[PDB]
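Structure, as structure tokens:
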Amino acid sequence: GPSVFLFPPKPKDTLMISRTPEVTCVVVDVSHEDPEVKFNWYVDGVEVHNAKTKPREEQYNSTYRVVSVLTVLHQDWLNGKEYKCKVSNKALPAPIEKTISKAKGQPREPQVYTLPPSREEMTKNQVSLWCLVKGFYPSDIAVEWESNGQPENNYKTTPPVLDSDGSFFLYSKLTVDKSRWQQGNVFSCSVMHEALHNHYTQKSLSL
Amino acid sequence: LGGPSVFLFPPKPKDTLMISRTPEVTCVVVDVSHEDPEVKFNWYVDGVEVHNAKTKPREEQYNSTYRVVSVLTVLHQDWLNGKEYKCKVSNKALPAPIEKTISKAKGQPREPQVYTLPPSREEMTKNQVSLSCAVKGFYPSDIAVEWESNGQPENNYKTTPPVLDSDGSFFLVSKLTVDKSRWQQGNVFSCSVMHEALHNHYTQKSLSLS
Amino acid sequence: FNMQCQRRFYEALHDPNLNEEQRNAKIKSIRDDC
Amino acid sequence: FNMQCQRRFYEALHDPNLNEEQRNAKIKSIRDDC
């Protein structure tokens, strides 16, 4: 049968005013015979009409994937507005309804620490710069790396890991060539979370 | 899967690598109705049926059902070499037997690089400091990390799951929580990493105020 | 990015003296005129 | 844990002069008697 998934906006998108946060309603396994999918979006129980339903994409297993995207206000998501997606199809007895809102719990401010490469790693042509981000609540977070204002294309962040105090922690790894580090090139770790002042903080790291 | 659901769990990474351990494959069956209790287990190592299993039945779960588990001891070398382990689950309230298969991740193994990192200067303000054990460039993601000091195990640590890197290898960070006093006194903290691509499947990297 | 725009938003988002209408209007002015 | 048995095991695991039967036999002795 058809399955409905309701995804929240990207943590970065809700926190940065220059961005456009959006809620995503994904409908999977729609039969070729009856492909017509109707979306009804509700915001705090009131029907909204700003949704853009992306053209039905065909899957290898002869099924359809119909996606509806709804642009939201940063303040609306952050203040706790409930976003409801109603999905109607004839291969469904009753329309599927899915509801999402912001992650609950008392938010906690993450502490941001930059760790330089190990003295052992200096034998390798590429070194690792670390970003320890800990004590944050809830898990919704965005971590990035930049240099001279321009971003870095060789970084990977771990998923938030639950600490013994009930807060979360993560590590963002930046991979640079050893010479880059040895000049005194400055690398910044920018962290975006709802509990941080201005939803943003930047910590630097150089030799 | 299907309700009753069948789940097959691989051996613990440490268990398959360390000869002092006994690696096993676990066959858990959940949502087994109160009315129909008895369940039969049939283990298969690359087609061949084995009988060294410790077959287990019913153990009550909230939604008027039972948890039916099964333990089969495996040879470390047999897992690490790529042998497939099958579990056949039989029940009267089930239309046909469920067969689940698990094996060690395929691909060229890569040696993990273990690095210890002291706490940040900005963290020397708190009464407790964090020690980091960066483990990168390993393949497959099957790995085990432990912390110790003066031969005795240090357990106030949290390890990140393996994270897939851009080069196809996996990395992780293990964070050990220690008191500021203990770090500043000169205590030596060691990080033990166990992986197949490592010599003797084991390495140890130490860290102290030096 | 514009940090001033980001600063002004976070302040308007958390200003205790603004109602939904006033806060939404202020945030809009910030967002459009970065 | 015992490092000697661990060393012996990894040696038997990667010995090119042992076949499946001999490798398993050596490992079994390590696992039981070491």
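Residue numbering restarts at 1 in every chain; chains get A, B, ... in the order shown in the structure tokens, and ligands count up from 1 in that same order.
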
**Prompt:** Which chain B residues are at most 7 Å from chain D (counting only C-alpha atoms), as JSON, numbers by chain?
**Reply:** {"B": [18, 19, 20, 77, 200]}

**Asked** After fitting chain D to chain C over all Cα atoms matched in order, what RMSD is left?
**Response**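 Answer to one decimal place: 0.5 Å.
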
**Request:** Quick one: pick out all alpha helix (DSSP H) residues within stretch 19-202 of chain A from a backbone DSSP run and write them as a PyMOL selection string.
**Result:** chain A and resi 74-79+178-183

**Request:** Considering only C-alpha atoms, extract the chain A residues located within 7 Å of chain C and return them as a PyMOL selection string.
**Result:** chain A and resi 16-18+75+198

Please save N, CA, C and O atoms of the selected residues as an mmCIF file, in the first residue's frame.
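Written file, selection_10.cif:
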```cif
data_model
loop_
_atom_site.group_PDB
_atom_site.id
_atom_site.type_symbol
_atom_site.label_atom_id
_atom_site.label_comp_id
_atom_site.auth_asym_id
_atom_site.auth_seq_id
_atom_site.Cartn_x
_atom_site.Cartn_y
_atom_site.Cartn_z
ATOM 1 N N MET A 16 18.745 30.160 10.134
ATOM 2 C CA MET A 16 19.337 31.269 9.389
ATOM 3 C C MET A 16 18.292 31.931 8.518
ATOM 4 O O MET A 16 17.716 31.287 7.644
ATOM 5 N N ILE A 17 18.033 33.213 8.780
ATOM 6 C CA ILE A 17 17.017 34.044 8.135
ATOM 7 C C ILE A 17 17.221 34.242 6.590
ATOM 8 O O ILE A 17 16.254 34.544 5.879
ATOM 9 N N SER A 18 18.456 34.055 6.089
ATOM 10 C CA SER A 18 18.787 34.178 4.666
ATOM 11 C C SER A 18 18.298 32.950 3.887
ATOM 12 O O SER A 18 18.158 33.005 2.662
ATOM 13 N N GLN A 75 10.326 31.675 12.277
ATOM 14 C CA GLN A 75 9.642 31.963 13.537
ATOM 15 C C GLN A 75 8.484 31.009 13.791
ATOM 16 O O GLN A 75 8.334 30.545 14.912
ATOM 17 N N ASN A 198 22.270 34.246 18.513
ATOM 18 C CA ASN A 198 22.241 34.512 17.067
ATOM 19 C C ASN A 198 22.186 33.238 16.218
ATOM 20 O O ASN A 198 22.416 33.302 15.008
#
```

**Request:** Define the interface residues of chain B facing chain A as those within 12 Å, counting only C-alpha atoms, and report them as a ChimeraX atom specification.
**Result:** /B:113-124,126,129-137,155-167,169-177,205-207,210

For the residues in that selection, give me N, CA and C atoms as a compact mmCIF listing (two decimals), in the first residue's frame.
```txt
# COMPACT_ATOMS: atom_id res chain seq x y z
N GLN B 113 43.79 4.26 11.65
CA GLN B 113 44.81 5.18 12.16
C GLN B 113 44.26 5.73 13.46
N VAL B 114 44.96 5.45 14.56
CA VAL B 114 44.51 5.85 15.89
C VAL B 114 45.31 7.04 16.40
N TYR B 115 44.60 8.12 16.72
CA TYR B 115 45.20 9.35 17.22
C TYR B 115 44.55 9.79 18.52
N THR B 116 45.37 10.16 19.52
CA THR B 116 44.87 10.66 20.80
C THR B 116 45.01 12.17 20.83
N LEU B 117 43.99 12.85 21.35
CA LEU B 117 43.95 14.30 21.41
C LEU B 117 43.72 14.77 22.83
N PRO B 118 44.59 15.67 23.36
CA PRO B 118 44.39 16.18 24.72
C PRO B 118 43.16 17.11 24.78
N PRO B 119 42.67 17.56 25.96
CA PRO B 119 41.52 18.47 25.95
C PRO B 119 41.90 19.86 25.45
N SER B 120 40.90 20.61 24.97
CA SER B 120 41.06 21.97 24.48
C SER B 120 41.40 22.87 25.66
N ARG B 121 42.12 23.97 25.38
CA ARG B 121 42.49 24.96 26.40
C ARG B 121 41.23 25.59 26.99
N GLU B 122 40.20 25.82 26.14
CA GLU B 122 38.90 26.39 26.50
C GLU B 122 38.08 25.49 27.44
N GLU B 123 38.48 24.21 27.57
CA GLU B 123 37.83 23.22 28.42
C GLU B 123 38.54 23.06 29.78
N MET B 124 39.73 23.69 29.94
CA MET B 124 40.49 23.65 31.19
C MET B 124 39.88 24.53 32.30
N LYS B 126 36.44 23.95 33.15
CA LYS B 126 35.51 23.01 33.76
C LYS B 126 36.27 22.04 34.68
N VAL B 129 37.41 17.19 32.22
CA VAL B 129 37.94 17.38 30.87
C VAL B 129 37.70 16.16 29.97
N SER B 130 37.63 16.40 28.65
CA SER B 130 37.38 15.37 27.65
C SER B 130 38.63 14.99 26.86
N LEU B 131 38.93 13.68 26.80
CA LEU B 131 40.06 13.13 26.05
C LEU B 131 39.50 12.49 24.81
N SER B 132 40.11 12.75 23.65
CA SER B 132 39.60 12.22 22.39
C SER B 132 40.49 11.17 21.77
N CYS B 133 39.86 10.15 21.18
CA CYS B 133 40.51 9.06 20.47
C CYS B 133 39.92 9.05 19.07
N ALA B 134 40.63 9.67 18.14
CA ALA B 134 40.27 9.77 16.73
C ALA B 134 40.70 8.49 16.05
N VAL B 135 39.76 7.77 15.43
CA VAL B 135 40.05 6.53 14.72
C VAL B 135 39.51 6.70 13.30
N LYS B 136 40.42 6.81 12.31
CA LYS B 136 40.08 7.06 10.91
C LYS B 136 40.72 6.09 9.90
N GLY B 137 40.16 6.06 8.69
CA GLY B 137 40.66 5.27 7.56
C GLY B 137 40.45 3.77 7.63
N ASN B 155 35.72 3.47 32.08
CA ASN B 155 34.42 3.26 31.44
C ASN B 155 33.55 4.50 31.25
N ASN B 156 33.97 5.66 31.80
CA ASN B 156 33.21 6.90 31.62
C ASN B 156 33.56 7.52 30.25
N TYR B 157 33.24 6.78 29.18
CA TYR B 157 33.48 7.20 27.80
C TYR B 157 32.26 6.97 26.90
N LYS B 158 32.18 7.72 25.80
CA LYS B 158 31.13 7.56 24.81
C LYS B 158 31.79 7.61 23.43
N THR B 159 31.51 6.59 22.59
CA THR B 159 32.05 6.46 21.24
C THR B 159 30.97 6.79 20.19
N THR B 160 31.37 7.54 19.14
CA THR B 160 30.46 7.88 18.04
C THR B 160 30.30 6.62 17.17
N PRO B 161 29.19 6.41 16.42
CA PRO B 161 29.15 5.22 15.55
C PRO B 161 30.13 5.43 14.38
N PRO B 162 30.59 4.40 13.63
CA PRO B 162 31.46 4.68 12.47
C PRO B 162 30.73 5.58 11.46
N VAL B 163 31.43 6.60 10.98
CA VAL B 163 30.92 7.59 10.04
C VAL B 163 31.64 7.38 8.73
N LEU B 164 30.88 7.31 7.64
CA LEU B 164 31.45 7.12 6.32
C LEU B 164 32.10 8.41 5.79
N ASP B 165 33.40 8.29 5.48
CA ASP B 165 34.24 9.36 4.95
C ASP B 165 34.16 9.42 3.42
N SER B 166 34.71 10.49 2.82
CA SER B 166 34.69 10.70 1.38
C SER B 166 35.49 9.68 0.58
N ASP B 167 36.52 9.06 1.20
CA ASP B 167 37.38 8.07 0.53
C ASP B 167 36.84 6.62 0.59
N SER B 169 36.23 4.94 3.39
CA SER B 169 36.61 4.38 4.68
C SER B 169 35.75 4.99 5.78
N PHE B 170 35.79 4.39 6.97
CA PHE B 170 35.03 4.83 8.13
C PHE B 170 35.92 5.43 9.19
N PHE B 171 35.37 6.39 9.93
CA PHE B 171 36.05 7.05 11.03
C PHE B 171 35.09 7.20 12.21
N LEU B 172 35.64 7.40 13.40
CA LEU B 172 34.89 7.60 14.62
C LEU B 172 35.75 8.35 15.64
N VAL B 173 35.09 8.87 16.68
CA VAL B 173 35.78 9.50 17.79
C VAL B 173 35.23 8.93 19.08
N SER B 174 36.13 8.51 19.98
CA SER B 174 35.75 8.03 21.30
C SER B 174 36.14 9.12 22.29
N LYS B 175 35.15 9.61 23.06
CA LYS B 175 35.37 10.66 24.05
C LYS B 175 35.36 10.05 25.46
N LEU B 176 36.48 10.20 26.20
CA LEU B 176 36.60 9.74 27.58
C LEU B 176 36.52 10.95 28.50
N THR B 177 35.66 10.85 29.52
CA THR B 177 35.50 11.91 30.52
C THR B 177 36.34 11.56 31.74
N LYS B 205 46.96 3.26 21.91
CA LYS B 205 47.56 4.59 21.85
C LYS B 205 47.35 5.28 23.19
N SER B 206 48.45 5.78 23.79
CA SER B 206 48.42 6.44 25.10
C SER B 206 48.45 7.95 24.96
N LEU B 207 47.97 8.66 26.00
CA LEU B 207 47.87 10.11 26.07
C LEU B 207 48.03 10.55 27.53
N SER B 210 51.96 15.85 28.71
CA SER B 210 53.37 15.91 28.33
C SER B 210 53.58 16.82 27.11
```
